[PDB]
file model-v9.cif (mmCIF, C-alpha atoms)
data_input
loop_
_atom_site.label_atom_id
_atom_site.label_comp_id
_atom_site.auth_asym_id
_atom_site.auth_seq_id
_atom_site.Cartn_x
_atom_site.Cartn_y
_atom_site.Cartn_z
CA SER C 1 174.59 1.96 89.18
CA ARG C 2 171.55 4.08 88.33
CA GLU C 3 168.69 4.00 90.82
CA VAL C 4 166.04 5.38 88.42
CA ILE C 5 165.61 4.28 84.78
CA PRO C 6 163.61 6.40 82.31
CA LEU C 7 160.42 4.90 80.93
CA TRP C 8 161.55 5.15 77.30
CA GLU C 9 164.15 2.45 77.94
CA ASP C 10 161.38 -0.11 78.49
CA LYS C 11 160.17 -0.38 74.89
CA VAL C 12 161.95 2.12 72.63
CA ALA C 13 164.80 0.58 70.64
CA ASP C 14 166.88 3.77 70.94
CA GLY C 15 165.77 4.35 74.55
CA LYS C 16 169.21 3.91 76.11
CA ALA C 17 170.72 6.29 73.55
CA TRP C 18 168.01 8.81 74.45
CA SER C 19 169.03 8.54 78.11
CA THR C 20 172.72 9.01 77.35
CA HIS C 21 171.85 12.11 75.34
CA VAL C 22 169.69 13.53 78.12
CA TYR C 23 172.30 12.91 80.83
CA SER C 24 174.92 14.73 78.75
CA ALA C 25 172.64 17.53 77.53
CA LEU C 26 171.59 18.23 81.11
CA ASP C 27 175.18 19.28 81.83
CA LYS C 28 175.15 21.79 78.99
CA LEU C 29 171.50 22.89 78.75
CA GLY C 30 170.16 22.31 82.27
CA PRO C 31 172.72 23.66 84.78
CA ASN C 32 170.17 26.08 86.17
CA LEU C 33 167.49 23.36 86.33
CA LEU C 34 169.91 21.19 88.30
CA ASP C 35 170.71 23.98 90.80
CA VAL C 36 167.07 24.60 91.82
CA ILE C 37 165.58 23.32 95.07
CA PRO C 38 161.91 23.43 94.01
CA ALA C 39 159.28 24.88 96.32
CA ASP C 40 156.85 22.09 95.35
CA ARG C 41 159.32 19.31 96.22
CA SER C 42 156.91 18.20 98.98
CA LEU C 43 154.53 17.26 96.13
CA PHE C 44 156.89 15.92 93.43
CA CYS C 45 159.94 14.59 95.29
CA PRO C 46 159.98 14.98 99.09
CA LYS C 47 163.71 14.11 99.41
CA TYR C 48 164.83 16.33 96.51
CA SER C 49 167.24 18.35 98.66
CA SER C 50 169.35 15.28 99.49
CA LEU C 51 169.84 14.15 95.88
CA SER C 52 173.33 14.12 94.42
CA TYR C 53 173.98 15.73 91.03
CA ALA C 54 173.83 12.29 89.38
CA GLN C 55 170.57 11.48 91.16
CA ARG C 56 169.06 14.80 90.04
CA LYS C 57 169.96 13.98 86.44
CA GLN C 58 168.35 10.56 86.92
CA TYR C 59 165.29 12.29 88.36
CA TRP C 60 164.86 14.83 85.54
CA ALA C 61 165.42 12.19 82.84
CA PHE C 62 162.66 10.11 84.45
CA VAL C 63 160.23 13.02 84.69
CA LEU C 64 160.95 13.90 81.04
CA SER C 65 160.17 10.28 80.12
CA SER C 66 156.91 10.41 82.08
CA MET C 67 155.94 13.56 80.14
CA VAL C 68 156.89 11.92 76.83
CA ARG C 69 154.77 8.93 77.89
CA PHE C 70 151.61 11.04 77.97
CA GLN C 71 152.53 13.63 75.32
CA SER C 72 153.49 11.26 72.51
CA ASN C 73 153.67 7.72 73.97
CA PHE C 74 157.32 7.79 72.79
CA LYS C 75 156.38 8.37 69.11
CA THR C 76 158.91 10.93 67.78
CA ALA C 77 156.88 11.20 64.55
CA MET C 78 153.72 12.42 66.28
CA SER C 79 152.21 15.77 65.33
CA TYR C 80 149.03 17.39 66.65
CA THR C 81 147.21 20.47 65.35
CA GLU C 82 146.31 22.70 68.30
CA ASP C 83 143.28 24.92 69.00
CA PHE C 84 145.30 28.17 68.79
CA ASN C 85 147.40 30.16 66.29
CA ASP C 86 151.03 31.05 65.85
CA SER C 87 151.84 34.72 65.25
CA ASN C 88 151.06 34.29 61.53
CA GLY C 89 147.52 33.03 62.08
CA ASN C 90 148.17 29.35 61.33
CA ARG C 91 147.18 26.74 63.91
CA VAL C 92 150.13 25.64 66.00
CA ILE C 93 151.41 22.13 65.24
CA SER C 94 152.98 20.41 68.26
CA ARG C 95 155.66 17.90 67.29
CA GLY C 96 157.77 15.03 68.56
CA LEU C 97 158.32 13.35 71.89
CA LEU C 98 157.48 16.36 74.11
CA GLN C 99 154.96 17.95 71.69
CA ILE C 100 156.90 21.19 71.25
CA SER C 101 156.11 23.63 68.45
CA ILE C 102 158.68 25.40 66.33
CA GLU C 103 157.81 29.06 67.00
CA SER C 104 157.42 28.83 70.78
CA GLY C 105 160.28 26.33 71.00
CA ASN C 106 162.75 28.45 69.03
CA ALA C 107 162.13 31.31 71.50
CA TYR C 108 164.08 29.12 73.97
CA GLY C 109 167.08 28.98 71.65
CA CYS C 110 166.38 25.39 70.58
CA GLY C 111 167.54 26.34 67.08
CA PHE C 112 165.15 24.19 65.07
CA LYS C 113 166.09 24.81 61.42
CA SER C 114 162.88 23.22 60.09
CA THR C 115 159.87 21.33 61.39
CA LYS C 116 161.67 18.04 60.64
CA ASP C 117 164.15 18.83 63.41
CA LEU C 118 161.38 18.66 66.02
CA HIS C 119 160.84 15.01 65.08
CA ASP C 120 164.53 14.34 65.76
CA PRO C 121 164.19 12.89 69.28
CA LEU C 122 167.54 14.22 70.47
CA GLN C 123 166.80 17.80 69.43
CA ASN C 124 163.29 17.51 70.87
CA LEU C 125 164.51 16.32 74.27
CA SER C 126 167.24 18.97 74.31
CA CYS C 127 164.60 21.63 73.71
CA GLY C 128 162.55 20.33 76.62
CA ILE C 129 165.62 20.66 78.83
CA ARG C 130 165.97 24.29 77.68
CA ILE C 131 162.33 25.05 78.52
CA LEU C 132 162.61 23.50 81.99
CA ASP C 133 165.97 25.17 82.58
CA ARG C 134 164.36 28.57 82.00
CA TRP C 135 161.14 28.25 83.96
CA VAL C 136 161.89 25.82 86.80
CA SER C 137 164.86 28.05 87.66
CA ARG C 138 163.05 31.38 87.24
CA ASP C 139 159.95 30.29 89.18
CA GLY C 140 161.75 28.12 91.75
CA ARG C 141 159.26 25.23 91.37
CA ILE C 142 158.41 22.35 89.04
CA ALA C 143 154.75 23.15 88.36
CA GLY C 144 151.59 24.47 90.02
CA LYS C 145 149.55 27.67 89.80
CA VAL C 146 150.56 30.55 92.08
CA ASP C 147 148.27 33.59 92.27
CA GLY C 148 146.54 32.70 89.02
CA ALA C 149 149.65 32.01 86.90
CA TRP C 150 151.12 28.63 85.95
CA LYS C 151 154.74 28.15 87.05
CA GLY C 152 157.73 26.01 86.14
CA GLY C 153 157.18 23.43 83.43
CA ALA C 154 153.44 24.12 83.61
CA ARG C 155 154.20 27.44 81.87
CA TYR C 156 154.72 25.47 78.66
CA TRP C 157 153.13 22.01 79.01
CA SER C 158 149.49 21.50 79.90
CA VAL C 159 150.41 17.94 80.90
CA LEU C 160 152.13 19.43 83.97
CA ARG C 161 149.14 21.61 84.95
CA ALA C 162 147.25 20.22 87.95
CA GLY C 163 143.81 18.75 87.36
CA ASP C 164 141.72 15.60 87.31
CA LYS C 165 143.71 14.09 84.44
CA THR C 166 145.28 10.64 84.39
CA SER C 167 148.42 12.14 82.85
CA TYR C 168 148.98 14.70 85.63
CA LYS C 169 148.10 12.35 88.50
CA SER C 170 150.39 9.63 87.09
CA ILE C 171 153.34 12.00 86.55
CA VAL C 172 152.97 13.20 90.14
CA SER C 173 152.50 9.71 91.56
CA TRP C 174 155.40 8.19 89.61
CA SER C 175 157.71 11.05 90.59
CA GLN C 176 156.90 11.11 94.30
CA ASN C 177 157.25 7.32 94.60
CA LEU C 178 160.71 7.06 93.05
CA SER C 179 162.94 5.35 95.61
CA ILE C 180 165.27 8.37 95.60
CA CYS C 181 162.34 10.73 96.33
CA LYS C 182 160.40 8.86 99.01
#

call {"tool": "encode", "arguments": {"input": "model-v9.cif", "output": "structure tokens"}}
result
Amino acid sequence: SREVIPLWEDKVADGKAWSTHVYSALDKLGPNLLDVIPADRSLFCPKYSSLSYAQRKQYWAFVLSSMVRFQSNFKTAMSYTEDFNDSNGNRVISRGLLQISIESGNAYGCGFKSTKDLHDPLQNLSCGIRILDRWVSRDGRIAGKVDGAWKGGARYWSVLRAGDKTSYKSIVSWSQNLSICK
């Protein structure tokens, strides 16, 4: 009786298993995320404050799938060499569905043992829950720039940072037009 279905279920063979993992991992890794009433709800989900717990898990699984859509187009094997360095002076390699890197990701407690673990879709999605759980809850908002500093998920993901990008405008549009949000 879900009202909102994540985009990875449309094409990905394991898409339903990904959703089941996210719904369960949200209980364990996103309890702070799911207690926030975000200050930019008027932008992302106008009716956020009336969502049940189950609807908020449906919402965050959808938003994660919309980020995956533009980060990796659902390709868990994807890697991308960035413009900047890790602390050792090697260019950062972003990996997997949400394009997380091992050094910055492991700072969230994601516990990646090796780079191969970032291409494990379940570990990758769990890490993205951890990142959101930290910053959406600390900043009290999903994204946006407040007094010259990016907030919420935009702290980590440039795909959530406002601008004239198809990715950002689509994530915003898809979120705010979910039946449970509008």

call {"tool": "closest_residue", "arguments": {"input": "model-v9.cif", "among": "C:142, C:22, C:125, C:29", "to": "residue C:61", "atoms": "all atoms listed in the file"}}
result
C:22

call {"tool": "residues_around", "arguments": {"input": "model-v9.cif", "residues": "residue C:157", "least_positions_apart": "4", "cutoff": "10 Å", "atoms": "only C-alpha atoms", "output": "ChimeraX atom specification"}}
result
/C:67,71,98-100,128,131,143,150,152-153,161

call {"tool": "closest_residue", "arguments": {"input": "model-v9.cif", "among": "C:63, C:36, C:68, C:136", "to": "residue C:12", "atoms": "all atoms listed in the file"}}
result
C:68

call {"tool": "residues_around", "arguments": {"input": "model-v9.cif", "residues": "residue C:33", "least_positions_apart": "2", "cutoff": "6 Å", "atoms": "only C-alpha atoms", "output": "list in words"}}
result
residues 30, 31, 35, 36, 133 and 137 of chain C

call {"tool": "residues_around", "arguments": {"input": "model-v9.cif", "residues": "stretch 3-5 of chain C", "least_positions_apart": "2", "cutoff": "7 Å", "atoms": "all atoms listed in the file", "output": "count of residues only"}}
result
5

call {"tool": "resolve_selection", "arguments": {"input": "model-v9.cif", "expression": "the PyMOL selection byres ((chain C and resi 73) around 12)", "output": "list in words"}}
result
residues 7, 8, 10, 11, 12, 64, 65, 66, 67, 68, 69, 70, 71, 72, 74, 75, 76, 77, 78, 79, 96, 97, 98, 99 and 167 of chain C

call {"tool": "write_last_selection", "arguments": {"input": "model-v9.cif", "atoms": "C-alpha atoms", "output": "PDB file, keeping the file's coordinate frame"}}
result
ATOM      1  CA  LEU C   7     160.420   4.900  80.930  1.00  0.00           C
ATOM      2  CA  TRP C   8     161.550   5.150  77.300  1.00  0.00           C
ATOM      3  CA  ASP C  10     161.380  -0.110  78.490  1.00  0.00           C
ATOM      4  CA  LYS C  11     160.170  -0.380  74.890  1.00  0.00           C
ATOM      5  CA  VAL C  12     161.950   2.120  72.630  1.00  0.00           C
ATOM      6  CA  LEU C  64     160.950  13.900  81.040  1.00  0.00           C
ATOM      7  CA  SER C  65     160.170  10.280  80.120  1.00  0.00           C
ATOM      8  CA  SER C  66     156.910  10.410  82.080  1.00  0.00           C
ATOM      9  CA  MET C  67     155.940  13.560  80.140  1.00  0.00           C
ATOM     10  CA  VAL C  68     156.890  11.920  76.830  1.00  0.00           C
ATOM     11  CA  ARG C  69     154.770   8.930  77.890  1.00  0.00           C
ATOM     12  CA  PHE C  70     151.610  11.040  77.970  1.00  0.00           C
ATOM     13  CA  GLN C  71     152.530  13.630  75.320  1.00  0.00           C
ATOM     14  CA  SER C  72     153.490  11.260  72.510  1.00  0.00           C
ATOM     15  CA  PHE C  74     157.320   7.790  72.790  1.00  0.00           C
ATOM     16  CA  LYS C  75     156.380   8.370  69.110  1.00  0.00           C
ATOM     17  CA  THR C  76     158.910  10.930  67.780  1.00  0.00           C
ATOM     18  CA  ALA C  77     156.880  11.200  64.550  1.00  0.00           C
ATOM     19  CA  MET C  78     153.720  12.420  66.280  1.00  0.00           C
ATOM     20  CA  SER C  79     152.210  15.770  65.330  1.00  0.00           C
ATOM     21  CA  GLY C  96     157.770  15.030  68.560  1.00  0.00           C
ATOM     22  CA  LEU C  97     158.320  13.350  71.890  1.00  0.00           C
ATOM     23  CA  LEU C  98     157.480  16.360  74.110  1.00  0.00           C
ATOM     24  CA  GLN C  99     154.960  17.950  71.690  1.00  0.00           C
ATOM     25  CA  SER C 167     148.420  12.140  82.850  1.00  0.00           C
TER      26      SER C 167
END

call {"tool": "resolve_selection", "arguments": {"input": "model-v9.cif", "expression": "the PyMOL selection byres ((chain C and resi 101) around 12)", "output": "PyMOL selection string"}}
result
chain C and resi 78-82+84-86+91-100+102-108+110-112+114-119+124+127-128+131+156-157

call {"tool": "decode", "arguments": {"input": "model-v9.cif", "residues": "stretch 65-150 of chain C", "atoms": "C-alpha atoms", "output": "PDB file, in the first residue's frame"}}
result
ATOM      1  CA  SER C  65      16.496   7.154  -6.007  1.00  0.00           C
ATOM      2  CA  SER C  66      16.239  10.531  -7.738  1.00  0.00           C
ATOM      3  CA  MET C  67      19.808  11.311  -6.614  1.00  0.00           C
ATOM      4  CA  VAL C  68      21.017   7.894  -7.805  1.00  0.00           C
ATOM      5  CA  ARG C  69      19.273   8.604 -11.117  1.00  0.00           C
ATOM      6  CA  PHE C  70      21.506  11.606 -11.801  1.00  0.00           C
ATOM      7  CA  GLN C  71      24.630  10.478  -9.920  1.00  0.00           C
ATOM      8  CA  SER C  72      25.052   7.051 -11.504  1.00  0.00           C
ATOM      9  CA  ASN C  73      21.891   6.296 -13.536  1.00  0.00           C
ATOM     10  CA  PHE C  74      21.550   3.257 -11.229  1.00  0.00           C
ATOM     11  CA  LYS C  75      24.955   1.783 -12.236  1.00  0.00           C
ATOM     12  CA  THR C  76      26.516   0.453  -9.004  1.00  0.00           C
ATOM     13  CA  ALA C  77      29.790  -0.168 -10.876  1.00  0.00           C
ATOM     14  CA  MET C  78      30.287   3.483 -11.841  1.00  0.00           C
ATOM     15  CA  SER C  79      33.419   5.320 -10.740  1.00  0.00           C
ATOM     16  CA  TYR C  80      34.462   8.894 -11.517  1.00  0.00           C
ATOM     17  CA  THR C  81      37.808  10.594 -10.893  1.00  0.00           C
ATOM     18  CA  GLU C  82      37.184  14.014  -9.344  1.00  0.00           C
ATOM     19  CA  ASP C  83      38.969  17.367  -9.733  1.00  0.00           C
ATOM     20  CA  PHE C  84      40.267  17.364  -6.126  1.00  0.00           C
ATOM     21  CA  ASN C  85      42.535  15.326  -3.826  1.00  0.00           C
ATOM     22  CA  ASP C  86      42.101  13.124  -0.803  1.00  0.00           C
ATOM     23  CA  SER C  87      44.348  13.838   2.186  1.00  0.00           C
ATOM     24  CA  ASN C  88      47.158  11.798   0.575  1.00  0.00           C
ATOM     25  CA  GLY C  89      47.262  13.852  -2.617  1.00  0.00           C
ATOM     26  CA  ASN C  90      45.508  11.349  -4.893  1.00  0.00           C
ATOM     27  CA  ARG C  91      42.453  12.458  -6.848  1.00  0.00           C
ATOM     28  CA  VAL C  92      39.234  11.408  -5.154  1.00  0.00           C
ATOM     29  CA  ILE C  93      37.369   8.573  -6.881  1.00  0.00           C
ATOM     30  CA  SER C  94      33.593   8.715  -6.365  1.00  0.00           C
ATOM     31  CA  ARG C  95      31.964   5.283  -6.480  1.00  0.00           C
ATOM     32  CA  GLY C  96      28.658   3.477  -6.758  1.00  0.00           C
ATOM     33  CA  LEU C  97      25.026   4.497  -6.858  1.00  0.00           C
ATOM     34  CA  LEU C  98      25.366   7.753  -4.879  1.00  0.00           C
ATOM     35  CA  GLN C  99      28.948   8.537  -6.000  1.00  0.00           C
ATOM     36  CA  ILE C 100      30.443   8.445  -2.503  1.00  0.00           C
ATOM     37  CA  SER C 101      34.196   8.255  -1.939  1.00  0.00           C
ATOM     38  CA  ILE C 102      35.883   6.044   0.615  1.00  0.00           C
ATOM     39  CA  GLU C 103      37.755   8.641   2.707  1.00  0.00           C
ATOM     40  CA  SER C 104      34.947  11.173   3.075  1.00  0.00           C
ATOM     41  CA  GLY C 105      32.362   8.385   3.340  1.00  0.00           C
ATOM     42  CA  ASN C 106      34.180   6.503   6.098  1.00  0.00           C
ATOM     43  CA  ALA C 107      34.170   9.709   8.183  1.00  0.00           C
ATOM     44  CA  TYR C 108      30.410   9.064   8.519  1.00  0.00           C
ATOM     45  CA  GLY C 109      31.026   5.616   9.992  1.00  0.00           C
ATOM     46  CA  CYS C 110      30.029   3.819   6.784  1.00  0.00           C
ATOM     47  CA  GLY C 111      32.779   1.277   7.507  1.00  0.00           C
ATOM     48  CA  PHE C 112      33.889   0.587   3.953  1.00  0.00           C
ATOM     49  CA  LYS C 113      36.643  -2.040   4.259  1.00  0.00           C
ATOM     50  CA  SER C 114      37.846  -1.525   0.679  1.00  0.00           C
ATOM     51  CA  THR C 115      36.850   0.382  -2.436  1.00  0.00           C
ATOM     52  CA  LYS C 116      34.919  -2.688  -3.650  1.00  0.00           C
ATOM     53  CA  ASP C 117      32.437  -2.171  -0.819  1.00  0.00           C
ATOM     54  CA  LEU C 118      31.356   1.169  -2.291  1.00  0.00           C
ATOM     55  CA  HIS C 119      30.176  -0.688  -5.404  1.00  0.00           C
ATOM     56  CA  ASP C 120      28.004  -2.912  -3.192  1.00  0.00           C
ATOM     57  CA  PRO C 121      24.672  -1.109  -3.699  1.00  0.00           C
ATOM     58  CA  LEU C 122      23.374  -1.914  -0.223  1.00  0.00           C
ATOM     59  CA  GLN C 123      26.441  -0.519   1.547  1.00  0.00           C
ATOM     60  CA  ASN C 124      26.420   2.500  -0.767  1.00  0.00           C
ATOM     61  CA  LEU C 125      22.784   3.345  -0.045  1.00  0.00           C
ATOM     62  CA  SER C 126      23.306   2.788   3.688  1.00  0.00           C
ATOM     63  CA  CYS C 127      26.180   5.265   3.601  1.00  0.00           C
ATOM     64  CA  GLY C 128      23.979   7.851   1.899  1.00  0.00           C
ATOM     65  CA  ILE C 129      21.444   7.424   4.695  1.00  0.00           C
ATOM     66  CA  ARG C 130      24.239   8.072   7.221  1.00  0.00           C
ATOM     67  CA  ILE C 131      25.310  11.261   5.428  1.00  0.00           C
ATOM     68  CA  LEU C 132      21.746  12.587   5.270  1.00  0.00           C
ATOM     69  CA  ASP C 133      21.088  11.549   8.867  1.00  0.00           C
ATOM     70  CA  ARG C 134      24.001  13.710  10.008  1.00  0.00           C
ATOM     71  CA  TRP C 135      23.484  16.861   7.978  1.00  0.00           C
ATOM     72  CA  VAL C 136      19.726  17.110   7.396  1.00  0.00           C
ATOM     73  CA  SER C 137      19.305  16.733  11.170  1.00  0.00           C
ATOM     74  CA  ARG C 138      22.137  19.089  12.155  1.00  0.00           C
ATOM     75  CA  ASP C 139      21.151  21.822   9.678  1.00  0.00           C
ATOM     76  CA  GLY C 140      17.371  21.333   9.937  1.00  0.00           C
ATOM     77  CA  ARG C 141      16.884  21.413   6.141  1.00  0.00           C
ATOM     78  CA  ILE C 142      17.289  19.223   3.060  1.00  0.00           C
ATOM     79  CA  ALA C 143      19.524  21.477   0.957  1.00  0.00           C
ATOM     80  CA  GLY C 144      20.126  25.130   0.061  1.00  0.00           C
ATOM     81  CA  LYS C 145      22.810  27.698   0.842  1.00  0.00           C
ATOM     82  CA  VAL C 146      22.390  29.757   4.019  1.00  0.00           C
ATOM     83  CA  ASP C 147      24.769  32.680   4.608  1.00  0.00           C
ATOM     84  CA  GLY C 148      27.297  31.344   2.113  1.00  0.00           C
ATOM     85  CA  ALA C 149      27.409  27.716   3.328  1.00  0.00           C
ATOM     86  CA  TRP C 150      25.685  24.688   1.784  1.00  0.00           C
TER      87      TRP C 150
END
